[PDB]
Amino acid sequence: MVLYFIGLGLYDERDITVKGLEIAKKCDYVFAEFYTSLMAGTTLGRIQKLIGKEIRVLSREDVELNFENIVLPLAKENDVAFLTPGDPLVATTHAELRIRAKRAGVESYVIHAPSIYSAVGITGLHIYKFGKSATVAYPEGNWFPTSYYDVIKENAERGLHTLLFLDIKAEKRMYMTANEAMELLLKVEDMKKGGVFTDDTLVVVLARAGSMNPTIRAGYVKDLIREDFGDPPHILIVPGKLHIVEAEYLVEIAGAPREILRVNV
């Protein structure tokens, strides 16, 4: 009679909380999805071994179209868990799944876990200063989307930071690197020419947040565009004007050039 939305956290199988683990262990059925994101620091096998339960993976369609025919029926006479990378309900369409549960007479509870939305605090950038967030999508065919560029513009204009999620093809396991995101943004700049993203723009790259050894690099596009940040997933941030304390952290921790202490403050 109960459905548990449980977050898996950032990087590996140990990123789930103690509460999430113990609750999952007591569930009769455990489902998971890896289409909104993947756990690059672990495998399904390692997660299953840790939880001690067989885990049935669900595709995007399984969830978006048939959540009520696959997960909810079991939740009527059993304790069921639905695992997702990060913190539950962060992915835009997941909150609606709770309405589906209610509609079916099923109780649902949320067990939180670390999300990149909060984990980016490791970049030293004040989290109250982040503005609207966006996702950089690959152009294709006659389709060349650029809304994420306008997001950066509206945020930076008000001195706010822009968190940028990079395109991902979970099924094909293809990730968009920060390098690719930068090249794309430079391309969008040439078309819109709004003075939003150029070789002189300061950016921050966060990779493998949650791991014990994340990659945190900050610098100008002209110097980072071809730099190797390691294996995905990569997160890109376009800071607004910096707090001197933010800049100092970026210099001392993320290896940013001293130049930002005078140029971007």
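Numbering starts at 1 and runs along the sequence shown.
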property: Given 118 to 126 and 180 to 188, the range whose Cα B-factors average higher in the PDB entry; result: 180 to 188
property: 60 to 68 or 224 to 232, whichever carries the higher mean Cα B-factor; result: 224 to 232
property: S133, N142, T84, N155, ranked by C-alpha B-factor: the highest one; result: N142
property: Per the PDB entry, maximal CA B factor within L206, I47, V203, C27; result: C27
property: Cα B factor band for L8 (lowest, middle or highest third within the chain); result: lowest
property: Chain third (lowest, middle, highest) by recorded CA B-factor, residue given as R100; result: middle
property: Ranked against its chain, the third holding the CA B-factor of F165; result: lowest
property: CA B-factor placement of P73, once the chain's modelled residues are sorted into thirds; result: middle
property: B-factor third for the C-alpha atom of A113 within its chain; result: lowest
